[PDB]
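S.K.: Please find one structure pasted underneath; my questions will follow.
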Amino acid sequence: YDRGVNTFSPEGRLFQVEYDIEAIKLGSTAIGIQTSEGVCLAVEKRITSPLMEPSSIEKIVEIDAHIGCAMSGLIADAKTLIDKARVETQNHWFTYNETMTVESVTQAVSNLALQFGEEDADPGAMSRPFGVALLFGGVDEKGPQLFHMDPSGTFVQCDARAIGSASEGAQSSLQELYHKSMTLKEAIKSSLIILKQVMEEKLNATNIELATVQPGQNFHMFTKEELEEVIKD
Amino acid sequence: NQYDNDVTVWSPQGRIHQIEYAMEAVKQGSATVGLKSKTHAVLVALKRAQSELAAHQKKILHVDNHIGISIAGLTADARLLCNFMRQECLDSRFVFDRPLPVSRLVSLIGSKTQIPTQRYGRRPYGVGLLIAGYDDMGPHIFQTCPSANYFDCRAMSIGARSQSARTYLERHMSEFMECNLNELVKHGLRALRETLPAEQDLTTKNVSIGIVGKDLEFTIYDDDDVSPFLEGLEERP
Amino acid sequence: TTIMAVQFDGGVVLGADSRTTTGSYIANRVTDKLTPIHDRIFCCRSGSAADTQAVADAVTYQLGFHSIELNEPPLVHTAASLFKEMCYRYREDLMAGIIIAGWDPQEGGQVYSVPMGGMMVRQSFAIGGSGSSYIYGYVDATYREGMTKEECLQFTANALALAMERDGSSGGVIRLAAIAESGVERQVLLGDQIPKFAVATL
Amino acid sequence: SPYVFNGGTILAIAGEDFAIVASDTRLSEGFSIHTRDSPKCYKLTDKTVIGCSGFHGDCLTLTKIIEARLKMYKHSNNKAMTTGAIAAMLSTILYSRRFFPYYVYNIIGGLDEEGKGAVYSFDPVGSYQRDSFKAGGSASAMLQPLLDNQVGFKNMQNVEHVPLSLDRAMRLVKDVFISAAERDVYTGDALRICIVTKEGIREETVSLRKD
Amino acid sequence: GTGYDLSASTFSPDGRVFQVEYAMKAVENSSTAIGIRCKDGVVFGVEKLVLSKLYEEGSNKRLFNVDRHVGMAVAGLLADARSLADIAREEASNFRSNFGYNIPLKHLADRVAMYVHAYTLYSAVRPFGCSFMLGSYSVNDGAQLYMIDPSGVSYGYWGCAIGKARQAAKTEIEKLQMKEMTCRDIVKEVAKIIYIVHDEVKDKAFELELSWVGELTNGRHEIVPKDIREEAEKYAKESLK
Amino acid sequence: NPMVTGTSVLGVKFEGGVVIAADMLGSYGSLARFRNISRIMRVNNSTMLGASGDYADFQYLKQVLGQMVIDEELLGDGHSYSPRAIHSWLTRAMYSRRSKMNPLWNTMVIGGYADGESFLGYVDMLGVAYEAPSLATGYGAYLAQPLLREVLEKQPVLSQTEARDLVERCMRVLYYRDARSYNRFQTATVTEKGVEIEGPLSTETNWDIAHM
Amino acid sequence: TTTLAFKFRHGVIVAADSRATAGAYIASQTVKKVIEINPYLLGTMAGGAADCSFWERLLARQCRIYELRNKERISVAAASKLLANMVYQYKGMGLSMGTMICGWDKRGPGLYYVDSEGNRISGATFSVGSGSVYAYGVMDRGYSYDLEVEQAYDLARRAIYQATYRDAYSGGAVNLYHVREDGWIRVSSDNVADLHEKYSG
Amino acid sequence: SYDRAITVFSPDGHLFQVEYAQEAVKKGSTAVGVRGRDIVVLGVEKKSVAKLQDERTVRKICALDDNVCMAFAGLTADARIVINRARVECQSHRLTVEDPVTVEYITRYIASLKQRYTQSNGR
């Protein structure tokens with residue numbers, strides 16, 4: 001191109017970031033909500049052939065026993081910030097002997113978004129930004145929390161968020177089915193029915209991944225049989 | 001069509017189009033206001049709509065026990081400059097054992113922000129700042145732009161449709177230099193209540209307030225603590 | 001080594017000996033310890049010869065380059081400060097013990113000292129070297145305000161001679177230089193020209 | 001030499017709902033005295049406090065580093081720092097200069113997150129441990145045994161295990177410091193005490209022997 | 001011109017570095033900043049326009065104290081000019097640290113002009129857009145006034161008129177005797193000049209800045225007192241009509 | 001390895017102000033080489049300093065402090081430095097330079113007069129810093145501090161003249177029982193007006209004990 | 001200092017003392033020398049405490065990162081190799097270290113010995129400190145793979161007590177641990193002033 | 001040095017260099033792989049007869065270690081470089097850890113390499 005990367009448009013907005021955010025809407029759909037006793041996270045997997053055992057398709061990972069994450073967009077550039085998250089969490093536990101909150105983690109992870117430039121930029125650095133949307137989740141000193149991220153370093157706290165291609169239908173159908181005193185069962189049922197509504201396949205018992213975090217237990221990723229009892233309805 | 005891609009080429013009319021394009025960004029967010037009195041300084045921010053595309057944003061930050069800021073554009077650059085200021089203040093306190101003034105900090109900010117406006121492949125910080133503090137010389141309010149040109153102001157607003165707030169401020173000026181805290185806060189709120197589209201009046205979940213002075217270490221006010229300040233407001237005419 | 005510098009109204013006077021030594025053997029007996037730096041500014045070397053020569057050459061280069069721009073005769077404080085910095089930045093590797101003297105149109109004749117540390121002091125007269133300890137009492141009892149030129153010349157000559165008899169690391173020929181507004185004048189003393197003092201005998 | 005011996009002792013005690021940190025207020029060097037007013041106790045938060053002794057120039061630049069790191073943590077995490085985190089940070093701060101270390105003996109005191117008392121002892125390289133009482137400094141050897149006897153009830157028979165109070169510990173430390181001044185030379189000229197409890201901090205000063 | 005004006009490393013057919021003309025075109029849109037030198041010192045008469053009066057009196061200052069004995073008056077972009085002020089301060093501090101006396105003015109002008117001209121050759125930088133003036137006075141030498149353009153030229157003057165009104169103002173300094181009258185009876189001439197040159201319809205209002213150096217300030221560069229600014233303004237307002 | 005050195009320095013604070021005293025000698029080992037040099041300076045209108053030890057490092061610090069103050073007195077903002085900031089800067093400089101094994105062989109004494117409050121500091125080659133109403137470097141710590149202490153323990157409110165006379169007395173004693181001194185010492189003061197320096201002075205002396 | 005360790009049918013046994021001196025002055029008498037690296041591994045302190053703590057906290061950090069990246073728990077041999085390789089960079093600078101890594105993996109029990117010089121060796125019986133020679137002699141008369149847990153406990157107690165009765169820089173309390181296939185557990189923190197009565201003393 | 005941001009975005013994300021690279025992979029000697037309960041097989045097709053050729057020199061299949069193998073279907077020089085670096089890593093791992101590698105490990109290594117070269121400057 002003939003326009004550089006660190007440029008502005010006649011609207012105050014950068015170009016490459018406005019272009020990368022136009023990619024997130026080409027990824028899979030992810031959902032995350034919070035309650036007074038736990039957070040739930042769910043993600044869809046778009047397999048392509050009866051082969052390619054989906055056991056390898058992993059889109060929900062463990063930043064720590066009390067913190068998880070879910071990604072959408074370019075899954076490649078995603079596995080560069082997860083190692084940084086784990087590194088920072090362990091470095092904190094090593095220096096201070098305690099657990100890192102969620103806000104600190106998300107801030108440290110988002111500080112690395114707008115580091116890029118065609119010039120020196122301390123060689124060994126980035127030539128372009130990451131195309132990925134991240135949704136964190138976990139318990140900390142002040143109840144269950146939840147956050148959100150975008151490829152511009154503009155994270156924001158939320159309570160029920162949905163990203164992916166069809167991120168509108170899963171929000172207009174999420175503004176009315178939420179109340180501040182909902183439990184985990186109905187939460188997961190609502191998430192699963194709206195996923196069903198937005199899914200492209202017949203919602204098999206293995207076309208999706210799910211996880212929960214509540215104070216008592218740690219990060220627990222569900223099995224295949226547990227995902228059966230719930231789908232019976 | 002060819003001078004509008006780099007921060008180095010001059011236009012035949014003596015203008016650099018890229019810095020104008022950057023300044024066009026600060027005039028896209030939500031409005032913010034800052035003012036001062038004989039012994040107190042105030043900053044107010046107007047988080048918008050609180051649920052959709054602006055669910056929960058933070059437009060006020062703590063820099064030091066006598067300096068605070070409010071931002072009006074990009075956020076990553078804002079955090080960058082914020083960390084810069086914090087480190088400079090900590091260095092001054094570690095070396096001389098005394099708080100750093102405000103004018104010198106603004107000078108350093110301008111010196112840092114002016115560099116990328118000269119050389120190749122760089123871009124200027126697309127953020128406008130409103131700074132408040134109190135030093136031995138009394139209270140101080142400053143305004144900073146993308147172009148490294150800083151101003152000192154008696155009362156200033158930055159953000160979307162802030163011209164009406166400018167008019168209002170210029171209207172009721174001499175009333176200042178005599179009013180106390182609550183009065184200044186009510187003034188600022190009645191001022192920024194104009195930017196709204198004749199609807200969606202103020203609430204306790206959109207306004208953020210920061211206050212500083214001779215007996216305050218730049219206190220902040222969350223969503224719940226504005227209610228005692230929100231009273232005393234008349235209905236929009 | 002033994003170097004001496006004196007100041008009078010319209011100029012200055014310098015004085016030095018002519019011996020070099022590497023133990024108890026004399027490698028040279030005529031060496032010149034008066035090194036010009038500009039048309040009207042001089043120096044006086046002591047200690048190691050290599051370091052003194054290097055420092056003086058570099059100062060001469062810098063001062064010529066600095067004077068060719070301003071289009072004005074330089075000052076003595078300038079050269080003295082250059083010496084100060086060069087000998088203070090390397091005080092752990094050098095042994096110089098230098099003196100500066102000269103003339104300039106703003107102030108009259110000027111003298112400065114610069115010992116091994118890297119200091120800088122101006123004084124009505126100055127001395128340096130190993131054989132100076134033996135005359136610290138003679139310059140004190142003879143100096144007087146209001147001295148003319150010839151007086152300073154013979155004073156420096158006598159002091160040098162008295163230092164070159166008791167010290168084994170100094171002797172030979174006595175070199176002198178008189179500086180003023182009109183120009184410079186050099187001079188050399190040897191043999192029957194040097195003073196003599198009768199030796200005590202019982 | 002890059003080191004100096006300035007003298008100074010420190011004492012700390014814990015309890016169920018309070019902590020105490022006592023020290024001298026004298027600065028010497030060699031056979032002479034520099035000043036008689038230079039305290040060691042330092043306040044970091046409304047619930048934790050520190051004490052340092054040894055080489056002055058090393059005990060004066062570490063406090064600033066800790067203060068700065070506390071401010072930066074408060075700015076980054078949006079909350080203050082507890083006691084254990086302070087100790088875990090100081091260990092690394094000391095171990096950074098391992099082959100060119102400090103020469104200061106630190107002792108931390110404060111309240112546990114539950115509301116109880118906590119004291120942590122350190123060493124110039126960064127090895128710390130939690131305790132009930134410690135007397136690091138120039139006079140540790142004189143004080144540790146007396147504290148062992150009068151707070152652990154060792155080498156005693158048929159002695160109850162009554163708890164400790166505030167006034168009791170205050171009187172005990174006062175008498176101890178009164179005793180240790182007649183036999184040590186680097187100790188005297190003042191006494192300072194800092195108490196930390198569920199309602200904040202208190203400071204007290206006491207006169208001692210001159211010599 | 002197709003692409004001969006996109007870089008500072010390109011000569012046009014007739015021979016011209018267009019990017020420097022395009023820069024200096026910026027100072028032709030700023031306020032006038034004249035200054036003169038009679039017999040014992042320099043005097044600047046910068047004028048700063050009033051915009052968004054919510055500001056304080058003393059913002060956007062255009063008169064820096066570069067050093068204990070020299071003063072600067074700028075015209076054009078303020079950021080670049082502040083950078084150049086820092087450059088001059090550093091130069092004058094290093095000179096003193098290395099030699100041991102207050103730097104003269106010719107050398108300062110030449111050094112800063114070299115720095116400014118370093119940017120008129122490569123393509124990795126942008127020519128400055130400020131054209132300023134330096135003033136000083138000493139006892140050995142006398143009064144010294146200079147001027148610099150974005151290209152790197154340094155000439156010595158008796159009177160300059162940097163600003164958009166480069167013409168129609170120099171003439172008003174010719175009739176004056178810029179070598180005989182003392183540094184006390186010229187503030188009035190400078191003030192009435194910058195007052196009658198100002199247009200009252202194209203611009204709302206302005207404020208007047210000043211400075212002083214010479215034997216009265218003992219070589220020190222300081223602002224002009226207000227007790228005399230009062231009578232200066234009175235003289236101007238009475239002379240205009 | 002310091003070659004040309006300076007001897008003890010004195011400082012005492014009276015009511016509303018402070019006073020300092022220092023001799024004039026660049027002794028080289030055991031030789032009295034230079035005898036008309038000043039070891040006291042004037043940073044600004046409300047701060048003054050004194051040094052012992054090597055004389056070249058003193059000049060270096062003098063130059064740097066002067067340039068700092070000049071850089072401060074250019075902008076024009078109503079602010080300025082106070083003795084506390086100078087003290088902190090000096091302490092940090094000495095510590096940072098010693099941590100690299102290239103120290104400054106000097107011992108600094110700082111006076112000052114802020115708004116209603118005085119100051120009197122102490123700085124060493126290693127970074128040891130403290131304050132007090134009186135102090136002294138070198139042998140002055142054994143022959144002078146005791147007198148000052150004994151005089152303050154009974155009257156901790158001193159007038160200008162009292163401080164001046166006590167300073168003269170301790171300087172006399174130093175000249176008697178010290179081997180690297182001289183009878184040419186300056187005595188500087190700092191009041192609410194500003195800083196002032198008295199020229200070369202000399203003390204009275206008695207030797208009748210030599211007749212026994 | 002005094003530490004011992006030995007493995008047999010029912011797993012590994014570890015033990016140490018609770019004393020810490022600075023020359024001839026006893027600074028501490030309640031130290032914890034069995035570092036709890038994790039719910040799966042164990043450590044041991046001897047020489048310099050700061051080093052034996054720092055360089056094993058770092059090892060805990062690295063083992064956790066490994067478990068996170070690879071979804072499989074680390075072994076003992078890899079742990080010892082990591083520690084040795086990270087410590088070999090500081091050869092000849094002043095580090096003092098002696099440690100035992102104890103645990104259980106798919107290869108069965110595991111006991112390794114490491115120091116700052118660089119040597120890394122397995123074994124079935126180890127003792128370290130200024131009083132390991134007095135402990136070897138009594139552990140060698142009574143050791144047997146086919147031991148019962150109670151007798152092994154008694155043997156460890158007895159060895160530590162007899163080593164303490166002779167070495168001056170060793171004494172205080174005896175803290176005994178035990179590692180099993182599903183983690184480890186703490187057993188007791190007996191005091192020497194009370195064992196002297198139970199035993200023939 | 002060199003830095004020009006070779007790989008960049010587009011109006012729809014659509015990194016064009018990657019699209020072009022995989023369009024090249026759209027050629028290059030199709031390969032095949034299979035996994036059984038007892039055996040793993042993998043083959044590849046030769047594009048030319050080339051009687052004069054020495055087969056052992058032009059082999060597509062290779063070995064990273066006694067446990068692992070691999071094929072490829074694009075350019076040959078880049079493949080050689082990748083294989084060499086993977087061999088280096090598989091040999092360094094067995095040094096630190098006292099056990100061989102798994103397949104996921106080396107696969108993740110290889111893919112992180114390609115990602116880094118997809119994001120870096122001048123590459």
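Naming scheme: A, B, ... for chains in displayed order of the structure tokens; residues 1 onward per chain; ligands 1 onward as shown.
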Determine, counting only C-alpha atoms, which protein, DNA and RNA residues have an atom within 6 Å of an atom of range 3-19 of chain D; residues of the same chain fewer than 4 positions away are not included. Present the result as an MDAnalysis selection string.
M.R.: chainID D and resid 23 27:29 53 55 110 116:118 132:139 186 195:197
S.K.: Could you turn the residues from that selection into a file that holds N, CA, C and O atoms, as a compact mmCIF listing (two decimals), in the first residue's frame?
M.R.:
```
# COMPACT_ATOMS: atom_id res chain seq x y z
N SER D 23 12.30 1.37 69.51
CA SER D 23 13.65 1.61 69.00
C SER D 23 14.31 2.72 69.80
O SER D 23 13.69 3.37 70.64
N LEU D 27 22.44 8.29 66.93
CA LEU D 27 23.29 8.03 65.77
C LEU D 27 24.72 8.38 66.11
O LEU D 27 25.03 9.54 66.41
N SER D 28 25.59 7.38 66.04
CA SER D 28 27.00 7.48 66.39
C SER D 28 27.85 6.97 65.24
O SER D 28 27.33 6.43 64.25
N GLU D 29 29.16 7.15 65.36
CA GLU D 29 30.10 6.61 64.38
C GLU D 29 31.49 6.65 64.99
O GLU D 29 32.03 7.73 65.24
N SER D 53 17.90 -0.83 61.13
CA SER D 53 19.12 -0.48 61.85
C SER D 53 20.33 -0.96 61.06
O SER D 53 20.25 -1.94 60.32
N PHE D 55 23.75 0.46 58.69
CA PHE D 55 24.40 1.55 57.97
C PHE D 55 23.35 2.55 57.54
O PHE D 55 22.37 2.19 56.87
N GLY D 110 2.74 -5.33 62.39
CA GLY D 110 1.43 -4.83 62.03
C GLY D 110 0.33 -5.79 62.38
O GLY D 110 0.50 -6.68 63.22
N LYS D 116 -5.45 -9.87 63.67
CA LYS D 116 -4.46 -10.30 64.64
C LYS D 116 -3.13 -9.58 64.41
O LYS D 116 -3.00 -8.75 63.51
N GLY D 117 -2.14 -9.92 65.22
CA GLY D 117 -0.84 -9.30 65.16
C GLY D 117 0.16 -10.14 64.38
O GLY D 117 0.06 -11.36 64.33
N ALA D 118 1.12 -9.46 63.77
CA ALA D 118 2.12 -10.11 62.94
C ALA D 118 3.43 -9.35 63.03
O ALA D 118 3.44 -8.12 62.95
N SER D 132 6.79 -14.18 67.01
CA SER D 132 6.02 -13.50 68.04
C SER D 132 6.79 -12.37 68.70
O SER D 132 6.17 -11.46 69.24
N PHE D 133 8.12 -12.41 68.65
CA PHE D 133 8.95 -11.36 69.23
C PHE D 133 10.36 -11.49 68.68
O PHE D 133 10.83 -12.60 68.41
N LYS D 134 11.02 -10.35 68.50
CA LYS D 134 12.37 -10.31 67.98
C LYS D 134 13.04 -9.03 68.44
O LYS D 134 12.38 -8.05 68.78
N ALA D 135 14.37 -9.04 68.45
CA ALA D 135 15.16 -7.92 68.94
C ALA D 135 16.39 -7.71 68.08
O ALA D 135 17.50 -7.55 68.59
N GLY D 136 16.22 -7.71 66.76
CA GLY D 136 17.35 -7.48 65.88
C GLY D 136 18.04 -6.17 66.18
O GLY D 136 17.42 -5.18 66.56
N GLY D 137 19.36 -6.16 66.00
CA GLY D 137 20.15 -4.97 66.22
C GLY D 137 21.47 -5.22 66.91
O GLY D 137 22.05 -6.31 66.81
N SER D 138 21.98 -4.20 67.61
CA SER D 138 23.26 -4.31 68.30
C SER D 138 23.12 -5.02 69.65
O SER D 138 24.09 -5.59 70.15
N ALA D 139 21.93 -4.98 70.25
CA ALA D 139 21.70 -5.53 71.57
C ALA D 139 20.77 -6.74 71.56
O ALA D 139 20.19 -7.08 72.59
N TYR D 186 26.28 1.72 72.23
CA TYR D 186 25.57 2.22 71.07
C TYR D 186 24.08 2.41 71.31
O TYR D 186 23.33 2.59 70.35
N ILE D 195 2.75 2.06 68.43
CA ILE D 195 1.72 1.05 68.64
C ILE D 195 0.75 1.12 67.48
O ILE D 195 0.36 2.21 67.05
N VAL D 196 0.36 -0.04 66.97
CA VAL D 196 -0.61 -0.13 65.89
C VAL D 196 -1.72 -1.09 66.31
O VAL D 196 -1.45 -2.22 66.72
N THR D 197 -2.96 -0.62 66.22
CA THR D 197 -4.12 -1.37 66.68
C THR D 197 -5.29 -1.08 65.75
O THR D 197 -5.17 -0.33 64.77
```
S.K.: I want to know what sits within 10 Å of residue 209 in chain D, based on only C-alpha atoms, with residues of the same chain fewer than 4 positions away left out; could you give that as number ranges by chain?
M.R.: D: 178, 181-182, 187-191
S.K.: Write out as a list in words which residues come within 10 Å of residue 232 in chain B when counting only C-alpha atoms, dropping same-chain ones fewer than 4 positions away.
M.R.: residues 182, 183, 186 and 228 of chain B
S.K.: For chain E, report every residue with an atom at most 6 Å from chain B (counting only C-alpha atoms), formatted as an NGL selection string.
M.R.: :E and (22-23 or 25-26 or 54-56 or 59 or 79 or 124-126)
S.K.: Ranking G:175, G:170, G:53, G:144 by minimum distance to residue 128 in chain D and counting only C-alpha atoms, which one comes first?
M.R.: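 For residue 128 in chain D, the nearest of the candidates is G:53.
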S.K.: Taking only C-alpha atoms into account and nothing else, which residues of chain F lie no more than 10 Å away from chain C? Please answer as a list in words.
M.R.: residues 1, 2, 3, 4, 31, 33, 34, 36, 37, 54, 55, 56, 57, 58, 59 and 60 of chain F
S.K.: Go ahead and dump the residues you just picked, C-alpha atoms, as an mmCIF file, in the first residue's frame.
M.R.:
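So selection.cif came out as:
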```cif
data_model
loop_
_atom_site.group_PDB
_atom_site.id
_atom_site.type_symbol
_atom_site.label_atom_id
_atom_site.label_comp_id
_atom_site.auth_asym_id
_atom_site.auth_seq_id
_atom_site.Cartn_x
_atom_site.Cartn_y
_atom_site.Cartn_z
ATOM 1 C CA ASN F 1 43.697 9.870 46.241
ATOM 2 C CA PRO F 2 43.112 13.483 47.315
ATOM 3 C CA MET F 3 46.086 15.821 46.937
ATOM 4 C CA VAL F 4 44.964 19.345 47.894
ATOM 5 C CA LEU F 31 52.570 21.936 53.052
ATOM 6 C CA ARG F 33 50.629 25.845 49.420
ATOM 7 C CA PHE F 34 47.560 28.004 48.725
ATOM 8 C CA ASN F 36 43.862 32.816 49.827
ATOM 9 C CA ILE F 37 41.133 30.535 48.469
ATOM 10 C CA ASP F 54 39.455 17.719 48.075
ATOM 11 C CA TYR F 55 39.086 21.090 46.376
ATOM 12 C CA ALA F 56 38.586 20.033 42.751
ATOM 13 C CA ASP F 57 35.453 17.982 43.394
ATOM 14 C CA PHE F 58 34.208 21.000 45.334
ATOM 15 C CA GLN F 59 34.673 23.090 42.185
ATOM 16 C CA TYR F 60 32.807 20.494 40.121
#
```
